[PDB]
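Structure, as structure tokens:
2 protein chains.
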Amino acid sequence: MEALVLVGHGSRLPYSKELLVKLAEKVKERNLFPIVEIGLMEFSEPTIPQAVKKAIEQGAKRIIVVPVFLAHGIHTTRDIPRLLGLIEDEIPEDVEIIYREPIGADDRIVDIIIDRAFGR
Amino acid sequence: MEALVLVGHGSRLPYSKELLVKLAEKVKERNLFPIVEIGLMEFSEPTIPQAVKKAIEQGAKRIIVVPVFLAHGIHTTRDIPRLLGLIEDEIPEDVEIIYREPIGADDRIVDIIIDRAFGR
Ligand code: NI
Ligand code: NI
Numbered sequence: 008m009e010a011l012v013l014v015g016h017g018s019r020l021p022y023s024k025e026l027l028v029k030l031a032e033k034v035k036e037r038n039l040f041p042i043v044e045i046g047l048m049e050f051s052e053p054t055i056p057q058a059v060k061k062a063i064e065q066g067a068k069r070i071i072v073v074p075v076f077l078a079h080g081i082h083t084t085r086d087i088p089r090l091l092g093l094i095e096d097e098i099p100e101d102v103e104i105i106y107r108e109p110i111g112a113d114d115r116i117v118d119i120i121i122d123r124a125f126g127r
Numbered sequence: 008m009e010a011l012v013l014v015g016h017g018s019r020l021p022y023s024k025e026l027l028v029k030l031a032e033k034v035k036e037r038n039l040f041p042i043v044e045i046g047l048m049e050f051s052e053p054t055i056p057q058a059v060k061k062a063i064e065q066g067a068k069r070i071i072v073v074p075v076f077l078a079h080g081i082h083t084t085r086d087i088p089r090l091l092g093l094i095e096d097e098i099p100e101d102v103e104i105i106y107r108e109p110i111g112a113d114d115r116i117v118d119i120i121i122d123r124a125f126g127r
């Protein structure tokens, strides 16, 4: 009855969708969620509305939307909550959208940065 | 002799620079680097050229540039390597720039995503 929907920026290059895809597969490997979908905000399919619809059609009533972004910006504060109809201007009927928080300045990010700095 | 320069997208909102700042402070807390600076690609100061110059002025000869981005895109593949003069068409002379890789689909990111999914 819960779905994880991972949402990404999307690009004209393919690396953004590749990332969402690898992440979704990695969370699928962890067996924690009934349903797991990805959506991209601009330029790529699936789109965020499509991903949400797909999760409802598989029978989820609680949709957990996690924005896979480092920081808040225009997309996480306006565009995405719009697309999800959480803010005025698709149609869910009797499900609840749970819009989570971006990655932010997590200690794990600093771990990744130090590794990356040393080429690991 | 080595500097870490963390580079971010930058935004018209403040959250992007806030993130770089928190990250830089967190890597400062770990005492691993002689010198640590941040740069933002668009809309914010310091800029990437400024951050690089600032690191040279403090006496670094090896500048480690880490792009704090989830995925490769136009900025990490063209704009940033341009700004750093790694790519034809930004005044080092006897120092070397070491341009690292973005975060990518790291297992740590999946940890953060699951936490974020549960509102932690
Ligand atoms: Ni954008
Ligand atoms: Ni951009």
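For the record, the sequence lines run as chains A and B. When the letters of the first sequence are read in order and numbered with the working numbering, they come out as residues 8 to 127. When the letters of the second sequence are read in order and numbered with the working numbering, they come out as residues 8 to 127. Yeah, the Cβ is synthetic: ideal placement off N, Cα and C, and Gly gets one too.
Any beta carbon from chain B within less than 8 Å of residue i's own beta carbon?
i: A/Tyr22; result: yes
i: A/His79; result: yes
i: A/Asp86; result: no
i: A/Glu103; result: no
i: A/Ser51; result: no
i: A/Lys68; result: no
i: A/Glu44; result: no
Mind checking residue i: buried by the 16 CB within 10 Å criterion, or exposed?
i: A/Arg107; result: buried
i: A/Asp113; result: buried
i: B/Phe76; result: buried
i: A/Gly66; result: exposed
i: A/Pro74; result: buried
i: B/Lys24; result: buried
i: A/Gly126; result: exposed
i: B/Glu52; result: exposed
Thinking just about the alpha-carbon of each residue, which of the options is nearest to the one in residue i?
i: B/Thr54; options: B/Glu36, B/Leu27 and B/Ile119; result: B/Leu27
i: A/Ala31; options: B/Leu39, B/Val59 and B/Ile121; result: B/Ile121
i: A/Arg115; options: B/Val59, B/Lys33 and B/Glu9; result: B/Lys33
i: B/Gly17; options: A/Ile63, A/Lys61, A/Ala78 and A/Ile45; result: A/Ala78
i: B/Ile94; options: B/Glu9, B/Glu100 and B/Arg85; result: B/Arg85
i: residue 6 of chain A; options: A/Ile70, A/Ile45, A/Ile110 and A/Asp118; result: Not covered by the structure: residue 6 of chain A. The range shown for chain A is 8 to 127.
i: A/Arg89; options: A/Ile63, A/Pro56 and A/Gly111; result: A/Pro56
i: A/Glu100; options: A/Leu13, A/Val14, A/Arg123 and A/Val59; result: A/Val59
i: A/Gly46; options: A/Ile119, A/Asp96, A/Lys61 and A/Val117; result: A/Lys61
Would you please verify whether the beta carbon of residue i is less than 8 Å from any beta carbon of chain A?
i: B/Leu30; result: yes
i: B/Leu11; result: yes
Using beta carbons (cut-off 8 Å, strictly below), is residue i in contact with chain C?
i: B/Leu26; result: The structure shown contains no chain C; its protein chains are A and B.
At what residue ranges does the stretch 83–108 of chain A contain a whole run of the alpha helix (DSSP H), taking only runs of 4 or more?
With a minimum length of 4 residues, the continuous alpha helix (DSSP H) runs that stay inside the stretch 83–108 of chain A are 87–90.
Any residues whose CB sits closer than 6 Å to a heavy atom of ligand 2? List them in chain order?
Those residues, listed in chain order, are B/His16 and B/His82.
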